[PDB]
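Asker: Have a look at the structure that comes next, please.
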Amino acid sequence: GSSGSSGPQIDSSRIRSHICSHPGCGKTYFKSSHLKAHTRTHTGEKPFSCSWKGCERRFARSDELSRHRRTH
Ligand SMILES: [Zn+2]
Ligand SMILES: [Zn+2]
């Protein structure tokens with residue numbers, strides 16, 4: 001038997017050495033450091049967090065944050 005795990009075809013031509021250890025992810029980065037910053041999204045509930053004066057509102061997706069930090 002077999003299944004369809006193809007997924008999205010969204011990608012950008014760029015240099016990427018440090019490969020993500022986590023399986024399936026399939027995400028590599030050039031900046032040896034980037035990786036470290038990436039894993040963050042894997043560990044924990046939400047990597048991004050507003051942390052404003054009196055907001056205390058976090059988010060999982062990036063765009064979500066930026067879109068939320070617009071009304072502030
Ligand atoms: Zn990953
Ligand atoms: Zn906020």
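Ordering of the structure tokens sets the chain letters (A, B, ...); residue numbers start at 1 within each chain; ligands are numbered from 1 in the order shown.
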Give the alpha helix (DSSP H) residues of chain A, as assigned by DSSP on the backbone, as JSON, numbers by chain.

Answerer: {"A": [32, 33, 34, 35, 36, 37, 38, 39, 40, 41, 42, 62, 63, 64, 65, 66, 67, 68]}

Asker: What's the 10 Å shell around residue 29 of chain A, counting only C-alpha atoms, without same-chain residues fewer than 3 positions away, as a tab-separated table (two decimals) with C-alpha atoms, in the first residue's frame?

Answerer:
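Produced file around-v1.tsv, reproduced below:
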```tsv
chain	number	residue	atom	x	y	z
A	14	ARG	CA	18.23	29.50	-1.60
A	15	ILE	CA	21.30	28.08	0.14
A	16	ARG	CA	20.56	25.75	3.06
A	17	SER	CA	23.10	23.56	4.84
A	18	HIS	CA	21.88	22.92	8.39
A	19	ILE	CA	19.14	20.33	7.88
A	20	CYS	CA	16.26	19.93	10.33
A	32	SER	CA	24.20	27.48	10.87
A	33	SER	CA	22.47	29.53	13.57
A	34	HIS	CA	19.06	29.75	11.90
A	35	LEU	CA	18.54	26.04	12.57
A	36	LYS	CA	18.84	26.62	16.32
A	38	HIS	CA	14.01	27.04	13.91
```

Asker: As a PDB file with N, CA, C and O atoms, in the first residue's frame, please: every protein or nucleic acid residue near ligand 1 (cut-off 10 Å, counting only C-alpha atoms and all ligand atoms).

Answerer:
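File written: pocket.pdb
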```
ATOM      1  N   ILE A  19      20.405  21.013   8.121  1.00  0.00           N
ATOM      2  CA  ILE A  19      19.139  20.330   7.881  1.00  0.00           C
ATOM      3  C   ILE A  19      18.404  20.061   9.188  1.00  0.00           C
ATOM      4  O   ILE A  19      19.022  19.765  10.212  1.00  0.00           O
ATOM      5  N   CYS A  20      17.080  20.164   9.148  1.00  0.00           N
ATOM      6  CA  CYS A  20      16.257  19.931  10.331  1.00  0.00           C
ATOM      7  C   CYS A  20      16.270  18.456  10.719  1.00  0.00           C
ATOM      8  O   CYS A  20      15.910  17.590   9.920  1.00  0.00           O
ATOM      9  N   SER A  21      16.686  18.177  11.950  1.00  0.00           N
ATOM     10  CA  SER A  21      16.748  16.806  12.443  1.00  0.00           C
ATOM     11  C   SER A  21      15.365  16.159  12.429  1.00  0.00           C
ATOM     12  O   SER A  21      15.210  15.010  12.017  1.00  0.00           O
ATOM     13  N   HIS A  22      14.365  16.908  12.882  1.00  0.00           N
ATOM     14  CA  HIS A  22      12.995  16.409  12.922  1.00  0.00           C
ATOM     15  C   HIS A  22      12.570  15.881  11.555  1.00  0.00           C
ATOM     16  O   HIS A  22      12.720  16.545  10.531  1.00  0.00           O
ATOM     17  N   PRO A  23      12.028  14.653  11.537  1.00  0.00           N
ATOM     18  CA  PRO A  23      11.571  14.008  10.304  1.00  0.00           C
ATOM     19  C   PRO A  23      10.326  14.673   9.728  1.00  0.00           C
ATOM     20  O   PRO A  23       9.593  15.361  10.438  1.00  0.00           O
ATOM     21  N   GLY A  24      10.091  14.463   8.435  1.00  0.00           N
ATOM     22  CA  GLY A  24       8.932  15.050   7.787  1.00  0.00           C
ATOM     23  C   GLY A  24       9.112  16.528   7.506  1.00  0.00           C
ATOM     24  O   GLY A  24       8.904  16.984   6.381  1.00  0.00           O
ATOM     25  N   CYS A  25       9.498  17.281   8.530  1.00  0.00           N
ATOM     26  CA  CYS A  25       9.704  18.717   8.390  1.00  0.00           C
ATOM     27  C   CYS A  25      10.336  19.048   7.040  1.00  0.00           C
ATOM     28  O   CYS A  25       9.758  19.775   6.233  1.00  0.00           O
ATOM     29  N   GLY A  26      11.527  18.505   6.802  1.00  0.00           N
ATOM     30  CA  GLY A  26      12.217  18.753   5.550  1.00  0.00           C
ATOM     31  C   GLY A  26      12.512  20.223   5.331  1.00  0.00           C
ATOM     32  O   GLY A  26      12.202  20.777   4.277  1.00  0.00           O
ATOM     33  N   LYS A  27      13.112  20.859   6.332  1.00  0.00           N
ATOM     34  CA  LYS A  27      13.450  22.275   6.246  1.00  0.00           C
ATOM     35  C   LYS A  27      14.922  22.504   6.571  1.00  0.00           C
ATOM     36  O   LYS A  27      15.393  22.155   7.654  1.00  0.00           O
ATOM     37  N   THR A  28      15.647  23.096   5.626  1.00  0.00           N
ATOM     38  CA  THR A  28      17.066  23.371   5.812  1.00  0.00           C
ATOM     39  C   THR A  28      17.349  24.868   5.741  1.00  0.00           C
ATOM     40  O   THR A  28      16.607  25.620   5.111  1.00  0.00           O
ATOM     41  N   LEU A  35      19.018  27.328  12.091  1.00  0.00           N
ATOM     42  CA  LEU A  35      18.536  26.037  12.569  1.00  0.00           C
ATOM     43  C   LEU A  35      18.138  26.116  14.039  1.00  0.00           C
ATOM     44  O   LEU A  35      16.993  25.838  14.400  1.00  0.00           O
ATOM     45  N   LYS A  36      19.090  26.497  14.884  1.00  0.00           N
ATOM     46  CA  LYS A  36      18.839  26.616  16.316  1.00  0.00           C
ATOM     47  C   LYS A  36      17.561  27.405  16.581  1.00  0.00           C
ATOM     48  O   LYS A  36      16.752  27.026  17.427  1.00  0.00           O
ATOM     49  N   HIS A  38      15.128  27.787  14.488  1.00  0.00           N
ATOM     50  CA  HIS A  38      14.012  27.042  13.913  1.00  0.00           C
ATOM     51  C   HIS A  38      13.468  26.023  14.910  1.00  0.00           C
ATOM     52  O   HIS A  38      12.287  26.049  15.257  1.00  0.00           O
ATOM     53  N   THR A  39      14.337  25.127  15.366  1.00  0.00           N
ATOM     54  CA  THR A  39      13.943  24.098  16.322  1.00  0.00           C
ATOM     55  C   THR A  39      12.972  24.653  17.358  1.00  0.00           C
ATOM     56  O   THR A  39      12.126  23.929  17.881  1.00  0.00           O
ATOM     57  N   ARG A  40      13.100  25.943  17.650  1.00  0.00           N
ATOM     58  CA  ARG A  40      12.234  26.596  18.625  1.00  0.00           C
ATOM     59  C   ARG A  40      10.765  26.320  18.316  1.00  0.00           C
ATOM     60  O   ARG A  40       9.986  25.979  19.206  1.00  0.00           O
ATOM     61  N   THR A  41      10.392  26.473  17.049  1.00  0.00           N
ATOM     62  CA  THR A  41       9.018  26.243  16.624  1.00  0.00           C
ATOM     63  C   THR A  41       8.578  24.816  16.932  1.00  0.00           C
ATOM     64  O   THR A  41       7.397  24.558  17.167  1.00  0.00           O
ATOM     65  N   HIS A  42       9.535  23.894  16.930  1.00  0.00           N
ATOM     66  CA  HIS A  42       9.245  22.493  17.211  1.00  0.00           C
ATOM     67  C   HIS A  42       9.003  22.276  18.702  1.00  0.00           C
ATOM     68  O   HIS A  42       8.022  21.645  19.097  1.00  0.00           O
ATOM     69  N   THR A  43       9.901  22.805  19.526  1.00  0.00           N
ATOM     70  CA  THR A  43       9.787  22.668  20.973  1.00  0.00           C
ATOM     71  C   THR A  43       8.916  23.772  21.562  1.00  0.00           C
ATOM     72  O   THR A  43       9.188  24.957  21.375  1.00  0.00           O
TER      73      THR A  43
END
```

Asker: Could you please extract the residues within 12 Å of ligand 2, counting only C-alpha atoms and all ligand atoms, and hand them back as JSON, numbers by chain?

Answerer: {"A": [48, 49, 50, 51, 52, 53, 54, 55, 56, 57, 58, 59, 64, 65, 66, 67, 68, 69, 70, 71, 72]}

Asker: To test your reading of the structure, identify every residue in chain A that backbone DSSP assigns to strand (DSSP E), and report it as a PyMOL selection string.

Answerer: chain A and resi 18-19+28-29+48-49+58-59
